[PDB]
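> Structure file my_file36.cif (mmCIF, C-alpha atoms) right here:
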```
data_model
#
loop_
_atom_site.group_PDB
_atom_site.id
_atom_site.type_symbol
_atom_site.label_atom_id
_atom_site.label_comp_id
_atom_site.auth_asym_id
_atom_site.auth_seq_id
_atom_site.Cartn_x
_atom_site.Cartn_y
_atom_site.Cartn_z
ATOM 1 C CA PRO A 1 22.210 -18.836 -24.319
ATOM 2 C CA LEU A 2 18.379 -18.397 -24.568
ATOM 3 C CA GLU A 3 16.932 -16.945 -21.323
ATOM 4 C CA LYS A 4 15.139 -13.606 -20.774
ATOM 5 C CA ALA A 5 16.258 -11.884 -17.578
ATOM 6 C CA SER A 6 14.513 -8.746 -16.271
ATOM 7 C CA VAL A 7 14.252 -6.826 -13.010
ATOM 8 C CA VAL A 8 10.936 -6.996 -11.138
ATOM 9 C CA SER A 9 10.243 -4.385 -8.442
ATOM 10 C CA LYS A 10 7.193 -4.662 -6.198
ATOM 11 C CA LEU A 11 5.256 -2.627 -3.612
ATOM 12 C CA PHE A 12 1.887 -3.534 -2.087
ATOM 13 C CA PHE A 13 -0.795 -1.611 -0.272
ATOM 14 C CA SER A 14 -3.555 -3.296 1.638
ATOM 15 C CA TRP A 15 -6.172 -1.421 3.672
ATOM 16 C CA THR A 16 -9.463 -1.870 5.433
ATOM 17 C CA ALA A 17 -13.229 -1.172 5.551
ATOM 18 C CA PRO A 18 -14.955 1.466 7.687
ATOM 19 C CA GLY B 1 -9.868 17.976 15.309
ATOM 20 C CA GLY B 2 -10.839 14.261 15.530
ATOM 21 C CA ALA B 3 -7.729 12.194 14.652
ATOM 22 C CA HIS B 4 -5.309 13.783 17.160
ATOM 23 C CA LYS B 5 -7.552 12.402 19.974
ATOM 24 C CA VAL B 6 -7.021 8.774 18.939
ATOM 25 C CA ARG B 7 -4.452 6.372 20.469
ATOM 26 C CA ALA B 8 -2.998 3.065 19.305
ATOM 27 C CA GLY B 9 -0.561 0.508 20.695
ATOM 28 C CA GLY B 10 0.733 -3.050 20.390
ATOM 29 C CA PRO B 11 3.666 -5.301 19.352
ATOM 30 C CA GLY B 12 2.230 -5.091 15.868
ATOM 31 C CA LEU B 13 3.300 -1.409 15.701
ATOM 32 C CA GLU B 14 6.938 -1.870 16.589
ATOM 33 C CA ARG B 15 7.989 -5.226 15.086
ATOM 34 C CA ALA B 16 6.693 -8.405 13.427
ATOM 35 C CA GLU B 17 7.616 -11.850 12.107
ATOM 36 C CA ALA B 18 6.862 -13.040 8.624
ATOM 37 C CA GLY B 19 3.863 -15.355 8.745
ATOM 38 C CA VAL B 20 2.875 -14.733 12.339
ATOM 39 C CA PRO B 21 0.008 -12.331 13.298
ATOM 40 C CA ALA B 22 1.034 -8.896 14.464
ATOM 41 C CA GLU B 23 -1.498 -7.456 16.869
ATOM 42 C CA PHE B 24 -2.302 -4.034 18.233
ATOM 43 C CA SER B 25 -5.173 -1.954 19.601
ATOM 44 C CA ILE B 26 -6.806 1.365 18.922
ATOM 45 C CA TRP B 27 -8.745 3.533 21.350
ATOM 46 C CA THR B 28 -11.006 6.217 19.859
ATOM 47 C CA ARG B 29 -13.020 7.381 22.901
ATOM 48 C CA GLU B 30 -12.631 11.174 23.258
ATOM 49 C CA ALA B 31 -12.552 11.654 19.429
ATOM 50 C CA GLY B 32 -15.543 12.514 17.278
ATOM 51 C CA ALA B 33 -17.281 9.579 15.630
ATOM 52 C CA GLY B 34 -16.885 8.400 12.044
ATOM 53 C CA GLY B 35 -14.456 5.915 10.615
ATOM 54 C CA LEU B 36 -11.261 4.144 11.465
ATOM 55 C CA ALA B 37 -9.178 2.564 8.752
ATOM 56 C CA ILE B 38 -5.919 0.729 8.786
ATOM 57 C CA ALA B 39 -3.471 0.177 5.949
ATOM 58 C CA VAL B 40 -0.160 -1.696 5.540
ATOM 59 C CA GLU B 41 2.343 -0.648 2.882
ATOM 60 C CA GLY B 42 5.392 -2.765 1.943
ATOM 61 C CA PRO B 43 7.042 -5.630 0.069
ATOM 62 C CA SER B 44 4.042 -7.947 0.462
ATOM 63 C CA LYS B 45 0.239 -8.123 0.788
ATOM 64 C CA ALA B 46 -1.268 -7.954 4.254
ATOM 65 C CA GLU B 47 -4.242 -9.853 5.744
ATOM 66 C CA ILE B 48 -5.922 -7.515 8.174
ATOM 67 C CA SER B 49 -8.601 -8.603 10.584
ATOM 68 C CA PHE B 50 -10.579 -6.107 12.465
ATOM 69 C CA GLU B 51 -12.599 -6.160 15.641
ATOM 70 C CA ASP B 52 -14.838 -3.597 17.218
ATOM 71 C CA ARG B 53 -15.288 -4.669 20.858
ATOM 72 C CA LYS B 54 -18.169 -3.394 23.021
ATOM 73 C CA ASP B 55 -15.489 -1.331 24.874
ATOM 74 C CA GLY B 56 -15.238 1.744 22.605
ATOM 75 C CA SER B 57 -11.913 0.073 21.851
ATOM 76 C CA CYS B 58 -10.884 -1.628 18.707
ATOM 77 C CA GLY B 59 -8.450 -4.494 18.121
ATOM 78 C CA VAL B 60 -6.354 -5.375 15.104
ATOM 79 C CA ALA B 61 -4.200 -8.223 13.791
ATOM 80 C CA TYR B 62 -2.532 -8.606 10.408
ATOM 81 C CA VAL B 63 -0.248 -11.111 8.649
ATOM 82 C CA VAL B 64 2.505 -10.401 6.144
ATOM 83 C CA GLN B 65 4.598 -13.091 4.365
ATOM 84 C CA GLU B 66 7.872 -11.302 3.434
ATOM 85 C CA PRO B 67 10.760 -10.025 5.575
ATOM 86 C CA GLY B 68 11.630 -6.332 4.949
ATOM 87 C CA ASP B 69 10.381 -2.876 6.096
ATOM 88 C CA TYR B 70 6.671 -2.049 6.254
ATOM 89 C CA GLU B 71 4.508 0.882 7.228
ATOM 90 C CA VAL B 72 1.402 0.459 9.246
ATOM 91 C CA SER B 73 -0.960 3.337 9.311
ATOM 92 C CA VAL B 74 -4.085 4.109 11.280
ATOM 93 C CA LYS B 75 -6.399 6.856 10.120
ATOM 94 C CA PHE B 76 -9.437 8.469 11.552
ATOM 95 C CA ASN B 77 -11.594 10.175 8.935
ATOM 96 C CA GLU B 78 -8.881 9.639 6.341
ATOM 97 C CA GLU B 79 -6.152 11.169 8.438
ATOM 98 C CA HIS B 80 -3.265 9.905 10.560
ATOM 99 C CA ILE B 81 -3.577 9.532 14.279
ATOM 100 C CA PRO B 82 -0.505 10.515 16.310
ATOM 101 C CA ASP B 83 2.483 8.418 15.242
ATOM 102 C CA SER B 84 0.802 7.046 12.091
ATOM 103 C CA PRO B 85 2.467 5.675 9.988
ATOM 104 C CA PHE B 86 4.455 3.352 12.147
ATOM 105 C CA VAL B 87 7.726 2.146 10.655
ATOM 106 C CA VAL B 88 7.494 -1.582 11.453
ATOM 107 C CA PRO B 89 10.349 -4.023 10.514
ATOM 108 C CA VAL B 90 9.607 -7.704 9.658
ATOM 109 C CA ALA B 91 12.194 -10.458 10.200
ATOM 110 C CA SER B 92 12.085 -14.178 9.161
ATOM 111 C CA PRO B 93 10.673 -16.990 11.360
ATOM 112 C CA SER B 94 13.223 -18.062 14.067
ATOM 113 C CA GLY C 1 -12.792 -10.299 -7.064
ATOM 114 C CA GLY C 2 -13.531 -6.550 -7.416
ATOM 115 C CA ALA C 3 -10.565 -5.417 -9.595
ATOM 116 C CA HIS C 4 -12.762 -4.412 -12.530
ATOM 117 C CA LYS C 5 -14.032 -1.386 -10.532
ATOM 118 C CA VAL C 6 -10.560 0.095 -10.202
ATOM 119 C CA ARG C 7 -9.150 2.629 -12.667
ATOM 120 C CA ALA C 8 -5.732 4.081 -13.188
ATOM 121 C CA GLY C 9 -4.247 6.812 -15.299
ATOM 122 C CA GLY C 10 -1.655 9.474 -15.665
ATOM 123 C CA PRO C 11 1.635 10.236 -17.447
ATOM 124 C CA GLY C 12 3.531 7.474 -15.582
ATOM 125 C CA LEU C 13 1.385 4.900 -17.308
ATOM 126 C CA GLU C 14 2.357 6.173 -20.722
ATOM 127 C CA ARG C 15 5.991 7.238 -20.828
ATOM 128 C CA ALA C 16 8.767 8.025 -18.321
ATOM 129 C CA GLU C 17 12.390 9.058 -18.286
ATOM 130 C CA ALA C 18 15.481 7.647 -16.573
ATOM 131 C CA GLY C 19 16.320 9.224 -13.197
ATOM 132 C CA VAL C 20 13.076 11.211 -13.397
ATOM 133 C CA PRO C 21 10.170 10.360 -11.028
ATOM 134 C CA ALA C 22 7.096 9.344 -12.969
ATOM 135 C CA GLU C 23 3.542 9.652 -11.594
ATOM 136 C CA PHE C 24 0.171 8.195 -12.055
ATOM 137 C CA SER C 25 -2.892 7.702 -9.918
ATOM 138 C CA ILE C 26 -5.482 5.038 -9.038
ATOM 139 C CA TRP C 27 -9.144 5.245 -8.173
ATOM 140 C CA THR C 28 -10.194 2.736 -5.539
ATOM 141 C CA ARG C 29 -13.206 4.336 -3.848
ATOM 142 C CA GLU C 30 -15.519 2.171 -5.948
ATOM 143 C CA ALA C 31 -13.981 -1.156 -4.900
ATOM 144 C CA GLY C 32 -13.793 -0.797 -1.086
ATOM 145 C CA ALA C 33 -11.300 -2.772 1.068
ATOM 146 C CA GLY C 34 -8.530 -4.840 -0.533
ATOM 147 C CA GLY C 35 -4.929 -4.923 -1.744
ATOM 148 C CA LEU C 36 -3.168 -3.086 -4.515
ATOM 149 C CA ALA C 37 -0.038 -4.515 -5.973
ATOM 150 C CA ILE C 38 2.318 -2.601 -8.243
ATOM 151 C CA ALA C 39 5.026 -4.333 -10.241
ATOM 152 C CA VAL C 40 7.530 -2.708 -12.568
ATOM 153 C CA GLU C 41 9.282 -5.046 -15.033
ATOM 154 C CA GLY C 42 12.327 -4.181 -17.207
ATOM 155 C CA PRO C 43 16.057 -3.408 -17.534
ATOM 156 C CA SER C 44 16.666 -2.004 -14.000
ATOM 157 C CA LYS C 45 15.122 -1.776 -10.548
ATOM 158 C CA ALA C 46 12.388 0.703 -9.652
ATOM 159 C CA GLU C 47 11.845 2.735 -6.494
ATOM 160 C CA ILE C 48 8.096 2.968 -5.898
ATOM 161 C CA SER C 49 5.925 4.624 -3.226
ATOM 162 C CA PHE C 50 2.269 5.301 -2.663
ATOM 163 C CA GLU C 51 0.872 8.615 -1.689
ATOM 164 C CA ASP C 52 -2.419 8.127 0.087
ATOM 165 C CA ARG C 53 -3.719 11.623 0.904
ATOM 166 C CA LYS C 54 -6.659 13.343 2.680
ATOM 167 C CA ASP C 55 -8.743 13.667 -0.491
ATOM 168 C CA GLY C 56 -8.848 9.915 -0.587
ATOM 169 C CA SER C 57 -6.911 9.976 -3.804
ATOM 170 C CA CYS C 58 -4.289 7.340 -4.291
ATOM 171 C CA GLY C 59 -1.039 8.187 -6.047
ATOM 172 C CA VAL C 60 1.908 6.110 -7.241
ATOM 173 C CA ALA C 61 5.342 7.405 -8.188
ATOM 174 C CA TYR C 62 8.366 5.449 -9.426
ATOM 175 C CA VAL C 63 11.956 6.036 -10.581
ATOM 176 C CA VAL C 64 13.976 3.738 -12.799
ATOM 177 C CA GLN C 65 17.566 4.452 -13.809
ATOM 178 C CA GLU C 66 17.800 2.748 -17.229
ATOM 179 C CA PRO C 67 16.274 3.489 -20.690
ATOM 180 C CA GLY C 68 14.209 0.694 -22.228
ATOM 181 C CA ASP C 69 10.793 -0.910 -22.306
ATOM 182 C CA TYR C 70 9.258 -1.539 -18.906
ATOM 183 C CA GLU C 71 5.821 -2.705 -17.912
ATOM 184 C CA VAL C 72 3.798 -1.498 -14.994
ATOM 185 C CA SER C 73 1.325 -3.924 -13.516
ATOM 186 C CA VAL C 74 -1.466 -2.832 -11.275
ATOM 187 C CA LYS C 75 -3.534 -5.574 -9.727
ATOM 188 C CA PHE C 76 -6.209 -5.455 -7.041
ATOM 189 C CA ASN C 77 -6.681 -8.660 -5.027
ATOM 190 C CA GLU C 78 -4.258 -10.375 -7.375
ATOM 191 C CA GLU C 79 -6.481 -9.753 -10.475
ATOM 192 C CA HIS C 80 -5.285 -7.210 -13.095
ATOM 193 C CA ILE C 81 -7.164 -3.925 -13.305
ATOM 194 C CA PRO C 82 -8.559 -2.735 -16.658
ATOM 195 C CA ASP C 83 -5.659 -2.117 -19.105
ATOM 196 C CA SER C 84 -2.962 -3.685 -16.913
ATOM 197 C CA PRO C 85 -0.135 -4.300 -17.673
ATOM 198 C CA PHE C 86 0.940 -0.995 -19.187
ATOM 199 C CA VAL C 87 3.678 -0.594 -21.762
ATOM 200 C CA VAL C 88 5.928 2.169 -20.651
ATOM 201 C CA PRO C 89 8.739 3.489 -22.925
ATOM 202 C CA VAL C 90 11.455 4.922 -20.705
ATOM 203 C CA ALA C 91 13.656 7.420 -22.487
ATOM 204 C CA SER C 92 17.171 8.837 -21.900
ATOM 205 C CA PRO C 93 18.007 12.011 -19.904
#
```
With the file now loaded, output its structure as structure tokens.

Amino acid sequence: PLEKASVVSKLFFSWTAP
Amino acid sequence: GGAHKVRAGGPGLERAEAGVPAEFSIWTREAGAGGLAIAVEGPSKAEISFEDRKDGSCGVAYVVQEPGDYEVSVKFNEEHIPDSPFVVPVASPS
Amino acid sequence: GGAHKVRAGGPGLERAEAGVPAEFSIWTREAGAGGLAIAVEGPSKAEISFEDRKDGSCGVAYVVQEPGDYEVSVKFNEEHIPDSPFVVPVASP
């Protein structure tokens, strides 16, 4: 048994110009 | 002063579908003048397109690709207009 | 493009502790409009949130429940920012 398993948690934040 | 005088509304501020544009509008008129900015926080990037219309009114559409809960926020001079941020849920295409 | 003009720092990018909220901050005002992405890789899930306040400072906070070696990625417009990813030793309570 040779796999690496890990937890990956994401959040994103997109925003705008003026 | 400033931000509290701004108003926004649209489908885009109440619910959306993954992949399909979610639109809304903002009306500033009555507020100072300066800068409107919009931000989307959640489990995926957002593509936000912006349009100042010769109406003193401004129109917005954004796309996200992942179902889940997001937060759309509209800010005048770096602070939240009434009701910002809007808790906006995204469900999968039908 | 643009990610090279973004900086981050703070104790949450250096060490953290299980069950204990860990904080760091990001400077974006020199890169304009775009998207931040934050990923936390390791033994358990992370709760993450931004704090975008009236200074125009940007803060991140996260909480993981398990000791171990995690990695915090911060990318802007999909590109990594200087010094990302970050090796973050998470110690026991």
> Taking the file above as input, evaluate the PyMOL selection byres ((chain B and resi 34) around 8) and report the hits as a ChimeraX atom specification.
/B:32-33,35-36,76-77
> Restricted to C-alpha atoms, what would the selected residues look like written as an mmCIF file, in the coordinates of the input?

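As written to disk, part-v1.cif reads:
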```cif
data_model
loop_
_atom_site.group_PDB
_atom_site.id
_atom_site.type_symbol
_atom_site.label_atom_id
_atom_site.label_comp_id
_atom_site.auth_asym_id
_atom_site.auth_seq_id
_atom_site.Cartn_x
_atom_site.Cartn_y
_atom_site.Cartn_z
ATOM 1 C CA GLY B 32 -15.543 12.514 17.278
ATOM 2 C CA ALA B 33 -17.281 9.579 15.630
ATOM 3 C CA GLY B 35 -14.456 5.915 10.615
ATOM 4 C CA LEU B 36 -11.261 4.144 11.465
ATOM 5 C CA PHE B 76 -9.437 8.469 11.552
ATOM 6 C CA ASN B 77 -11.594 10.175 8.935
#
```
> Residues near range 2-18 of chain A, anyone? I mean within 6 Å using only C-alpha atoms, not counting same-chain ones fewer than 5 positions away, as a short mmCIF file (atom, residue, chain, number, x, y, z; two decimals) with C-alpha atoms, in the frame of the given file.

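File out.cif, as written:
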```
data_model
loop_
_atom_site.label_atom_id
_atom_site.label_comp_id
_atom_site.auth_asym_id
_atom_site.auth_seq_id
_atom_site.Cartn_x
_atom_site.Cartn_y
_atom_site.Cartn_z
CA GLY B 35 -14.46 5.92 10.62
CA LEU B 36 -11.26 4.14 11.46
CA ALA B 37 -9.18 2.56 8.75
CA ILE B 38 -5.92 0.73 8.79
CA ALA B 39 -3.47 0.18 5.95
CA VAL B 40 -0.16 -1.70 5.54
CA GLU B 41 2.34 -0.65 2.88
CA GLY B 42 5.39 -2.76 1.94
CA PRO B 43 7.04 -5.63 0.07
CA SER B 44 4.04 -7.95 0.46
CA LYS B 45 0.24 -8.12 0.79
CA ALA B 46 -1.27 -7.95 4.25
CA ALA C 33 -11.30 -2.77 1.07
CA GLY C 34 -8.53 -4.84 -0.53
CA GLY C 35 -4.93 -4.92 -1.74
CA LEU C 36 -3.17 -3.09 -4.51
CA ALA C 37 -0.04 -4.51 -5.97
CA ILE C 38 2.32 -2.60 -8.24
CA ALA C 39 5.03 -4.33 -10.24
CA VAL C 40 7.53 -2.71 -12.57
CA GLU C 41 9.28 -5.05 -15.03
CA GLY C 42 12.33 -4.18 -17.21
CA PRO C 43 16.06 -3.41 -17.53
CA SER C 44 16.67 -2.00 -14.00
CA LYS C 45 15.12 -1.78 -10.55
CA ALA C 46 12.39 0.70 -9.65
#
```
> Around (9.5, -9.6, 9.9) in the file's own coordinates, what residues are found within 8 Å if you use all atoms listed in the file, given back as a list in words?
residues 15, 16, 17, 18, 64, 66, 67, 68, 69, 89, 90, 91, 92 and 93 of chain B
> Rounded to one decimal in Å, what is the spacing between CA of residue 61 in chain B and CA of residue 27 in chain C?
26.2 Å
> Hey, can you check how far CA of residue 54 in chain B sits from CA of residue 25 in chain B?
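Computing it gives 13.5 Å between the two atoms.
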> Measuring atom to atom with only C-alpha atoms, identify which of B:48, B:63, B:83, B:57 is nearest to chain C.
B:48
> Enumerate, as a ChimeraX atom specification, the residues matched when the PyMOL selection byres ((chain C) within 12 of (chain B)) is run on the file above.
/C:32-39,47-58,75-78
> Could you work out how far CA of residue 59 in chain C lies from CA of residue 3 in chain B, giving the answer in Å with one decimal?
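Separation of CA of residue 3 in chain B and CA of residue 59 in chain C: 22.1 Å.
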> What would the selection look like, as an NGL selection string, if the PyMOL selection byres ((chain C and resi 16) around 9) were run on the coordinates I just shared?
:C and (11-15 or 17-18 or 20-23 or 63-64 or 88-91)
> Mind checking which residues fall within 8 Å of residue 8 in chain C, counting only C-alpha atoms, ignoring those fewer than 2 positions away in the same chain, and posting them as a list in words?
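Contacts, with the query itself left out: residues 6, 10, 24, 25, 26 and 27 of chain C.
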